[PDB]
Amino acid sequence: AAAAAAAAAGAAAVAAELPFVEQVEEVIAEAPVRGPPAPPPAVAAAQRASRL
Amino acid sequence: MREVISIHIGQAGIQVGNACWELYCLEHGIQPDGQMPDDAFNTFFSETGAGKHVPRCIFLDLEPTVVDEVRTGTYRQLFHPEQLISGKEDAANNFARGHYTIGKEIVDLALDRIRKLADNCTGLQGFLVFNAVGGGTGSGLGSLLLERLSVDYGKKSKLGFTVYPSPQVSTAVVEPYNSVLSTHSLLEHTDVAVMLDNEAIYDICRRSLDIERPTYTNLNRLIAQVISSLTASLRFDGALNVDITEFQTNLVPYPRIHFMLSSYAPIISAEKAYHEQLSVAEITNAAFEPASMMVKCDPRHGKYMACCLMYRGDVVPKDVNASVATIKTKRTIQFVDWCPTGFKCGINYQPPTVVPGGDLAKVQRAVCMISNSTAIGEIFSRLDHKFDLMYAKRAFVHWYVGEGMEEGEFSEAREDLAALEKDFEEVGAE
Amino acid sequence: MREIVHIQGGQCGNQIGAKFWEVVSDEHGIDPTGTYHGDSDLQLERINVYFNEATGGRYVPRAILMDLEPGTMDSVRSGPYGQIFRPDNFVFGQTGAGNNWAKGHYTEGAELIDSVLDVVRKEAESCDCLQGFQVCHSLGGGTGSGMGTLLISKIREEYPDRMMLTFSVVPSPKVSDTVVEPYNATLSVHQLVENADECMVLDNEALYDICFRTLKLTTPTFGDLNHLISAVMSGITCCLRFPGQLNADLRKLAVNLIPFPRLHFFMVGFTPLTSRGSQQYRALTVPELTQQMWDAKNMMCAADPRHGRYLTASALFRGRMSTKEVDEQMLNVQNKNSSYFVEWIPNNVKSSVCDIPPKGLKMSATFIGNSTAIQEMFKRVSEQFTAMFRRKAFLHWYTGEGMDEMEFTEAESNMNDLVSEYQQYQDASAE
Amino acid sequence: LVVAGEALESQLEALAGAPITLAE
Amino acid sequence: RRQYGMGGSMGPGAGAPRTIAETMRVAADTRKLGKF
Ligand SMILES: Nc1nc2c(ncn2[C@@H]2O[C@H](COP(=O)(O)OP(=O)(O)OP(=O)(O)O)[C@@H](O)[C@H]2O)c(=O)[nH]1
Ligand SMILES: Nc1nc2c(ncn2[C@@H]2O[C@H](COP(=O)(O)OP(=O)(O)O)[C@@H](O)[C@H]2O)c(=O)[nH]1
C-alpha cells in the first residue's frame, strides 16, 4: 500500500507537470473503423523484435 | 486415379496456363479441338461421351480480357465454357480489391466449379495454383481461394507456383505491398510454394537461349516445361517414380520452410543443341549453377536443405547417383548439417516434348531441380525492406484501406515475414 | 464491358473532345455516318467501351457535350465527325458564361446541370459495368471550368466508387489567353483536388513548344494540339479496349500512380513524336521510345520534370514488343536518373503493354508522370491569383454571381496546400 | 443576420476579478 | 476567488499551446480560415 501511495504521488506530480492531459472517455459511432495509433518506427521495430 | 486440379488466377496465371495446357496437349497428343485421334491423360484430362478430353483446370480472373483471349483463341473448343470464369472489374493491383470486395462472388463461383471438377475425380492428388504474387487478382483472389480450399477440401496437397517480384526490375509500384500480403496469406495455406522471378527467367533466356528480347510467352514456356517435368511422374512410368504427396515428405523439412527454388536444364536453343554431350553429370551441374535458377537469389549465400531432382528421358540410376555424389563432394554447394542425404532423385522414361515454335531444343535428357534452401530468405529480405520503406510513408495505403483493410493487416503481414526471416536463420543455423 | 462515359465542357473541351472522338472512330474503324468499316475484329470486340449500338449498324459515342453558348457545338455538329453524336447529348444554354467560373458553376450552369445529370444518368444506366467518367475541359474558362467542376462534384456524389478522369488544359505560363485565367484555374483546382480521382494537366504553350521542336510544325492550329491531346487520351485507355500482354485499366493506373489521395495530378506525353523530316532517320525501337518519353520537352505540361522529382510514372506501351526490353529500359532510366526519382519508392515505373498499337505506328507509348515539378505551375497560379486578389481586380463579377469572397481564399489555400505537399514529398528523406 | 460567438473566457475573467473586502 | 482565478489562469494556460499528408490534412481548415 505504501508503494501504491508513492505511485499515486508520482502520478500526481506527472499531472502537475502536464496540465489536463486528454483521455478519450468513449467512442460513439466512429463511422470509419479506426485502429490504434501507429507506434514510431523504432518502437515498432522493438515490438517486432519482442514478438520474434 | 491420379487426378490433379489446376487453378489459374490472374493474368499471369492464365498466361502461364496457356503454355502449360499447350504443353500437356502436345505431350498427350490431344488436339486443340478437344479430342485425340493408356489413360495417361487422366491426371489432367477427363474424357467425355464424344471422346473429347476436357482439362481439369479452372481459369479464374476478375478481368474479362485475359479470359476472352482464351475464349477466342485456338483453345476455345478444349476448355469448358463455365470453367472459364470472368469477372467484371479488374483488381487493379489491389490486394484488398481482389480479396475483400470484388473477389467474393467470383471465388464463390470458383468453389462451385472446383467442387464440380473434384466430384469428377476418383482420387485427387491435390491442387496446382498458378497465380502472380504482386497483383490484386493474383495475390488477393488467389489467397482467398487458397483459404477456402484449405477450409473445405482439407487434406489435398496445394502446390502454389507463385511468381514473385524481381529484385530491381519491376512493372508494378504496389508490388512489394501485395507481395508481402500474399506471402503472409500463403505461408499457412499452400503446402509447397515455388518461387519464380521474371528477372531470373529473363537472364536465363538472354544467356542460355541467347534471346536478347525475351517476353512473357517465352517465360511462360519455360515455366510450363518446369511444371510438366514436375508432374511427369504422375502421367508416365519410370524408374524411381515420384509423387505429388511425397514432394512434401521428401522436400519440406518444416512446414514453414516450403518455399522452393526451381531450375531447369538444359536450356539450349536448336543451334547450340547437339553440340555438347549434355550428359547427366553435366546437366545436373548446370541445374545447380546459380544462373540456371529461376529466382534472382545466389544459392551460395545460404545452405541447401533438400533437393528434389526430376529427370526426364534416357537417365540411368548410375548416372543420377554419380552426378549427385559429385555434387555432394563439390565444395561450393553447401548443405545443412542436419540433413545428410538431402536428395530425392526421380527418373521418368518420357523425354520432355518440345512445343513447336519455341526456342527450347529437343534434348533426350532433362532435369528439373526443385530445392528447399535457406538462401531464399534473401529475396524475402529484399521484399521486406521494399515493403517497409514505403510503409514508413504509408504510400498507397489509402488504396488498400478503402476496400476493407487495416494498418494492422499490413503490420501483421510484415511481422509474419520477419518471423519467416528468423525461421530461415534458425533452420540454416545448427 | 467496362464502359467509359465521356463528357466535354466549354469551347476548349468541346473541340478537344470532337478531335478525340474523331481519333477513336478512326481507331475503331467507324465512319462519320456511324457504320463500322474497320474490317478488323479486335476493333469491334470492345467497341461498347465508348460507343452504343443504334438501330442499324450505326454506333453513337457515349459522349455528353455541354455549353452555355450555341456556337461551339454548332461548329462541333457541323464538323467532320459531328453526326455520330446523339443530338440529345448536346446540353447547352443560350447565354454563355463570360469566361466566368461563377457564372458557369452557380448562375447559368446550375439550371443546365439538371439536364446534364439526366443525360449522364441515362447514358450510365444503359452500361453493363461502368469503369467511370472522363471529362475534357480547360481550367481558365468560364463555362468549361465552372460546369466541369460542378458536374464532377455531382457525379462524385452520385457514383463515389466509379473512376473519375479529367483532362484539364491548365492556363499557359508565359502567355495568358483570358484575363481571369488565374481565378478560374484557382477555383477549378480546388474542385479537382477534392472530387476528381485522376487529373491530367495540359498546357498550350508546352504543346506549342513540343510541336515546333520535336514535330516542327510551322503553323500548328488548335486542331494539331487537340490531335496530340486526343492521342494521349486514347492511349490512356487503349488497355481497356484492346487485349494487352500486360494490360492495365484506369483503376490499375490510379493505384500504381497515386501514392497519396490528393496528389492525383499528372503530366503526360505521347511518343514517338517525330518530325516529318527525320521519320526515316529515326529508329522506331523501345529504347528510342523510352528516351523520347523521358525527355523534358516531350512533357505536355509546362513544368519541366528536372526541377522536381518523379513520385511515380506509368508508361503505357502499344505494339508487339519485348516486355524484357521495356522493363530493362525503365529500370535503366530510373538508375541513370536516380536523382530525379523519389528514394522512398523502390520502383517508380508502372509499365503497361497493349498488343494493338495505334494506326500508323508499329510501336507507341503514352507517358503519365506524377512528379513534384507541377509544384512550380501551382506556384505560378498562386503568384498571379494573389497579384489580382490583392486589388480585387475582376472579382466583382464573381461576387455578383452569388459567390462569397471566402470561396476564393479557400480555393487558393487548398492549392497552396497542394504546392507544399509536393515540396514536402520532393524533399522527404527515407528514414 | 450575423451569428456570433461569445467567448466564455470573459466570464472566467469576471469570476477571477472580485472586490470581496467588507462587502463579501 | 483564488480557485476561480486558478481556473481562469488554466483557461488561457491551455489555450496558449504520422504521415505528412495527414499532418497537413488535419490543419487545412485552420489554414483556410486564418488565411481568409
Ligand atoms: N512470368 C510472367 N509474369 C507475368 C505474366 N503476365 C503477367 N505477369 C506478372 O503478373 C503481375 C500482375 O498480374 P495480375 O495481378 O494478374 O494482373 P491483372 O490480371 O490485371 O489483375 P490485377 O493486376 O491484380 O488487377 C505483373 O507484375 C507481371 O509481372 C506472364 O505472362 N509471365
Ligand atoms: N488545345 C486547345 N485549347 C483551346 C481550344 N480552344 C480554346 N482553348 C483554350 O482553352 C482555354 C479556356 O477556354 P474555354 O474554357 O474553352 O472558354 P469558355 O468556353 O468560355 O469556358 C483558353 O485559354 C484557350 O487557350 C482548342 O481548340 N484546343
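To match Swiss-Prot, the residue numbers of chain B are left as they are there, and the shown ones run 1-37, 46-438.
Recorded method is electron microscopy, 3.5 Å.
Just so it is clear, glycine is given a Cβ too, placed from its N, Cα and C backbone atoms.
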Checking Swiss-Prot, the member of B:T51, B:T170, B:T179, B:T253 that binds GTP with B:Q11, B:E71, B:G144, B:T145, B:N206, B:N228 is B:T179
For the recorded positions B:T145, B:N228, B:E254, proximity to chain C (Cβ under 8 Å) holds for none
Minimal Cβ count within 10 Å, across the recorded positions B:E71, B:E254, points to B:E254
Ordered by sequence, the long-range same-chain Cβ contacts of B:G144 (GTP binding site) under 8 Å (at least 6 apart) are B:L70, B:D98, B:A99, B:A100, B:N101, B:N102, B:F103, B:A104, B:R105, B:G106, B:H107, B:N186
With neighbours defined as other CB atoms within 10 A, the best-packed of the binding-site residues B:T145, B:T179, B:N206, B:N228 is B:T145
Rounding to whole Å, the Cα atoms of B:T179 (GTP binding site) and B:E254 (active site) are apart by 36
So B:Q11 (GTP binding site), by the Cβ count within 10 Å over all chains shown, scores 26
Of all C-alpha pairs drawn from the GTP-binding set B:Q11, B:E71, B:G144, B:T145, B:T179, B:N206, B:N228, the farthest apart lie at a distance in Å of 22
